[PDB]
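Before any comments, here is the structure.
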Amino acid sequence: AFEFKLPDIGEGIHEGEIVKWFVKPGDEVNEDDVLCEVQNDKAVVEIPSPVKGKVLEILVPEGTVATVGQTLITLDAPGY
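This is the structure in structure tokens:
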């Protein structure tokens, strides 16, 4: 599907301080939307779309922190 982190859980940033989100789970996303607004060491940034598809589920939205290993949200992109 499209996960949130890779096999990383290593050095640098093994988490996700999801401060804010832009979408809600269950929608149809485009090929120009946002995802979350996450903070780290010095940056407060984004994940834009590489692809559009559904936004199946979001397990941990914002407010809480997520790791890697764990998923967050997933994307369906039937052909990528």
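According to my numbering, the sequence shown is numbered sequentially starting from 26.
We treat Cβ as the ideally placed atom computed from N, Cα and C, and that holds for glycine.
Outcome for residue 97 when other beta-carbon atoms lying within 10 angstroms are tallied against a minimum of 16: buried
Sheet register partners of residue 45 (DSSP bridge): Per DSSP, 62.
8 Å CB neighbourhood of residue 54 in its chain, flanking five on each side removed: 48, 74, 77, 78, 79, 80 and 100
Pick from 87, 90, 83 and 89 that is closest to residue 28, judged by C-alpha positions: 83
Residue 100 - DSSP class collapsed to helix/strand/coil: strand
DSSP three-state assignment for residue 27, whether helix, strand or coil: strand
Beta-carbon gap between residue 85 and residue 44 smaller than 9 Å: no
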